[PDB]
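Coming up is one lone chain in structure tokens, specifically the form deposited in one PDB entry.
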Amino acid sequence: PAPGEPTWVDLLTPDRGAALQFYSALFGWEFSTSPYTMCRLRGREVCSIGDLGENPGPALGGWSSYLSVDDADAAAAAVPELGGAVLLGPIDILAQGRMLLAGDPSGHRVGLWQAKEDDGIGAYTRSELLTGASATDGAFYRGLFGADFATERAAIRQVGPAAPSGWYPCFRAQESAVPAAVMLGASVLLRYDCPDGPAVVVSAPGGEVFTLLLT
């Protein structure tokens, strides 16, 4: 796993049961019928879905993207020098690896995962950053991962002031998944083009946002 490569996405939601119904109906994910649910397709783990804990107030579930780093401590030392912020960690994760949470110069949050060790419809293909400051953010991420970063797995897309911004997971899909998701109660926020096909940014009924990569 190259540095900066998208390696995992995780959904934290205040209604996990509804999220499982929605994403199983949209992507066909399987989970056996615990604080989290592993989502599988074609015998492979795709992602996980977990609970936002009991809260005395409203709560907004969102997808959390993780990019690979070779050394979480070096990444933590570099983040502030590149104009970002360390929000949590570096922290060890039960021998899975070492995790840090980082903010880029614009305040977009991203997980950085130092691991101690599929493509096809419904698979997690990558995460993309939607940003109104692609030059500032881009310099940050290329200083952290290298000059090749965000050149054509991860990508950086320029968006206007009214679009969602931040890192969003991209799941492979057919054109027909768009009405499917709308019929399931999702709302399309934006349609843009990538080298490998159109992308549709979607707000799920729970309000979390993800991208359908139509290929």
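So that the term is clear: the rigid core is the largest set of C-alpha atoms that superpose within 1.5 Å between two forms. Residues that one form lacks are left out of the comparison. When you see a residue number, it is the position in the sequence shown, counting from 1.
Unmodelled stretch separating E152 from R153: 4 to 9 residues (count of deposited-sequence residues without coordinates). Per the record, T33 and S34 are separated by 4 to 9 deposited residues that have no coordinates. The PDB entry reports B-factors from which the mean C-alpha value can be compared for 68 to 76 and 124 to 132; the larger average falls on 68 to 76. The PDB entry reports B-factors from which the mean C-alpha value can be compared for 24 to 32 and 49 to 57; the larger average falls on 49 to 57. Highest C-alpha temperature factor among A204, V200, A18, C194 per the entry: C194. Among all modelled residues in its chain, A115 ranks in the highest third by Cα B-factor. In the PDB entry, a CA B factor belonging to the middle third of its chain's modelled residues is recorded for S165. Among the modelled residues of its chain, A181 has a C-alpha B-factor that falls in the middle third according to the deposited record.
Per-chain ranking of the deposited C-alpha B factor places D92 in the highest third. In this PDB entry, the Cα temperature factor of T215 sits in the top third of its chain's modelled residues, the highest group.
There is also a form deposited in another entry; it is not shown, and the following applies to it.
Considering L184, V188, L41, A59, one residue stands apart with a C-alpha shift of at least 2 Å between this form and the one not shown following superposition on the core, and it is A59. Relative to this form, the distance between the C-alpha atoms of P58 and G111 is reduced by at least 3 angstroms in that other deposited form. Between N55 and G50, the Cα spacing is smaller in that other deposited form than in the shown form, differing by no less than 3 Å. Comparing the conformations between this form and the one not shown, with the rigid core held fixed, yields only the displaced run 54 to 61, spanning 3+ consecutive residues whose C-alpha shift is 2 Å or more.
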